[PDB]
Amino acid sequence: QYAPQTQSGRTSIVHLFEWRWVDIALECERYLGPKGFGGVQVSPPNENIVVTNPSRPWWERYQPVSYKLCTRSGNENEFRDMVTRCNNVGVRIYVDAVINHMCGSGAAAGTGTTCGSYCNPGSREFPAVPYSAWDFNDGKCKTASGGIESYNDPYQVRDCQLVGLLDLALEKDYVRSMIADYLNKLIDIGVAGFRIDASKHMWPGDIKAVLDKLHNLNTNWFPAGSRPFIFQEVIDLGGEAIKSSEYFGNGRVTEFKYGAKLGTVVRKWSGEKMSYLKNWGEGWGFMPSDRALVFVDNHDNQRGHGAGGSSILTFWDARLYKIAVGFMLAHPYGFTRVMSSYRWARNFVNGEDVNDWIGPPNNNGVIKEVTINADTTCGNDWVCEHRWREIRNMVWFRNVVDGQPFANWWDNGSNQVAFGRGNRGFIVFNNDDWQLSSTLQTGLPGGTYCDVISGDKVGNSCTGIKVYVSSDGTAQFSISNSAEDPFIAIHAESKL
Amino acid sequence: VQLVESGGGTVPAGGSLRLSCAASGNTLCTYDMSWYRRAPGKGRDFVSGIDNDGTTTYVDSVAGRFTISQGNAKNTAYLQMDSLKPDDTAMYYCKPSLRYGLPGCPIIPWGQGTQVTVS
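Chains as they are written, first to last, in PDB author numbering: chain A, 1 to 496; chain C, 2 to 120.
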């Protein structure tokens, strides 16, 4: 429902985009569990069509051919092993549920699928489910191309085909039931909740009808009254017919205005300044905090022409991406999702990356394992932003401050700002083109604190910058606009 | 189907008002209801909503002071606003959202709203 169902005191999830199940299981044990991560959003676990032109794009995973748990990430036994191993170290699994459609209406008939199931897209045949012609919306679409021609018409957005994908007749109980049996199988395996893909393309009541069929979570890992966490992917930046509020009664909704506006402010575009973030959250017109799933970027818009366009910050803009993710993880608004990506061979032509369809690192189509090096970074083209010290330590900061109110805001009237969370954490940012040198009230008890952005508290010492907070809570902050990271963060568990 | 909004007025801080919203004329249609408000110079922001199953959502600034409920009949809702503060002053708009698509159930556009002035 609205509660994430993470283990108590864990406050973020990470999207391990296109990772294989065996690698995620290992990552839960060696890293996510010990480092306090709440959970992992996984790529669609159900069987999809194989796209050979272009060669195995990441987007083929959003074109279902059955609900069998067999993909390039692994098979059902590997998926079950991952969910168990992660739940056992306190890390939940959330599934990307692709339920609005099946594969492209133009895909060829046959067994060119990730588990070898047969399908005949042209004749609306999906025997592995099973689905047939009457289970799709072709008869409802009022457009001439069969596609969505105007986003100011909710009926075409919900009933017509999204980029040529066969649109499921979600008002039918048979269809609502096939989808629920799939989600309930995942709940039985131990999943904690779901990202409902392409929610704007479904009627609010049809999604609720499917949700009404879901069981409570598995009692080997969750208390008996527990409803699955639901976050609906609705892209609503304003100025269109469909609003994110239409879905609030079903569960949380992705707040895409968050990353779009934060990226514009952090880049200092369109006259925006960091000092304007004093009233960040509902004051900027966003949805209620208790209904929001927030993030700086996602797998679609980190490619540059998604929701937010070029203002979206990504790992390619690492210096500013870290400050945006750090501000997000320190601020109380919303439930936070961090991104973990792969690097692809970009190829710009006339200013555009024509290679943005490229799928995960692979050897002849088999996804590469995630290798871990000693500096704790990753190999094999995986970026592993969730392992960057500055992000890992801020997800720990958000756990440490859980519940504490936004407090002690300061700004220099331009792009230097700071704020705390009750008496448990404080963060300071310098996004101006000059030195930050200020005495600030931190709200924290006096002591010597390790800055968790530049280092870590190890034993009774700090490996980075030390911040000396006096008994009245004040501390001297000095941050160069050219520092490795132009922000500092300290909290109760970083005190010596 | 027509959108009918009512209840606006001027009360002093601490007073109450109750807004009403109805999307009547075709009982086969089902509309979920959500109120937004626009103060001069601010944007039109969500404040409270309720779906057909009675599930409520409130923005934090009105929690415990505003109560949204299903009205007299299907496709009707009320927004009981108590302990009004001067910052609650704004033009309020009910936006009915179609819950299920059906032949001849229209999408309803923003209406004119109602004016609420506190103090």
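For every residue, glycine included, the Cβ atom is placed at its ideal position computed from N, Cα and C.
The beta carbon of residue 365/A does not come within 7 Å of any beta carbon belonging to chain C, so the residue lies off that interface. Nearest CB-CB separation between residue 246/A and chain C: below the 7 Å threshold. Between the region 65-79 of chain A and the region 192-201 of chain A there are fewer than three inter-stretch CB-CB distances shorter than 8 Å, so the stretches are not counted as touching.
Taking the C-beta atoms as reference points, residue 94/A is found nearer than 7 Å to residue 39/A. By the Cβ test, the region 278-293 of chain A is in contact with the region 47-61 of chain C, since at least three Cβ pairs between them sit closer than 8 Å.
Residue pairing by DSSP leaves residue 32/A without any beta bridge partner. Judged by their CB atoms, residue 30/C and residue 106/C are nearer to each other than the 7 Å cut-off. Within a 10 Å sphere around the beta-carbon of residue 114/C sit 16 or more other beta-carbons, which makes this residue buried. The C-beta distance from residue 85/C to residue 119/C rounds to 5 Å, short enough to fall under 8 Å.
Membership of residue 410/A in the beta strand (DSSP E) is indicated by the continuous run 406-411. Annotation: Cβ neighbours of residue 155/A in chain C (cutoff 8 Å, chain order): 102, 108. Around the C-beta of residue 223/A, fewer than 16 other C-beta atoms lie within 10 Å, and the residue is accordingly described as exposed. A Cβ-Cβ distance of about 6 Å is found for the pair residue 117/A and residue 47/A, placing them in contact under the 8 Å criterion.
CA-CA distance, residue 324/A to residue 496/A, rounds to 27 Å.
Judged by beta-carbon spacing, residue 114/A lies within the 7 Å limit of residue 70/A, meaning their Cβ atoms are closer than that value. For residue 10/C, none of the residues of chain A pass the 9 Å Cβ criterion, the least Cβ distance being about 25 Å. Excluding its 5 nearest sequence neighbours in each direction, residue 149/A has C-beta neighbours in its own chain below 7 Å: 143, 156, listed in chain order. Here DSSP, grouped into helix, strand and coil, assigns residue 119/A to strand. Looking at the backbone, the Cα of residue 426/A and that of residue 64/A are separated by about 45 Å. Between residue 40/C and the set 77/C, 53/C, 91/C, 70/C, the nearest pair of CA atoms involves 91/C. Across the structure, residue 189/A and residue 383/A are spaced so that their CA atoms are roughly 29 Å apart. Linking residue 104/C to residue 183/A through their CA atoms gives a straight-line distance of about 30 Å.
With fewer than 16 other beta carbons inside 10 angstroms of its own, residue 377/A counts as exposed. At least one beta carbon of chain A lies nearer than 7 Å to the beta carbon of residue 52/C. Counting only the Cα atoms, residue 338/A lies some 13 Å from residue 389/A. Counting every other CB atom within 10 Å of its CB across the protein chains shown gives residue 24/C a total of 16 or more, marking it as buried.
Exclusion of the five residues before and after residue 475/A leaves 440, 442, 467, 468, 469 as the residues of its chain whose Cβ lies within less than 7 Å of its Cβ. Distance from the CA atom of residue 242/A to the CA atom of residue 97/C, rounded to whole angstroms, is 11 Å. Just measuring C-alpha positions, the residue of 27/C, 14/C, 8/C, 16/C sitting nearest residue 109/C is 27/C. From the beta-carbon of residue 241/A, the residues of chain C found nearer than 7 Å are 108.
Under a 10 Å Cβ-count criterion, residue 6/A is classified as buried, with 16 or more other Cβ atoms of the shown protein chains found around its own Cβ. The three-state reading of DSSP puts residue 393/A in helix, counting H, G and I together.
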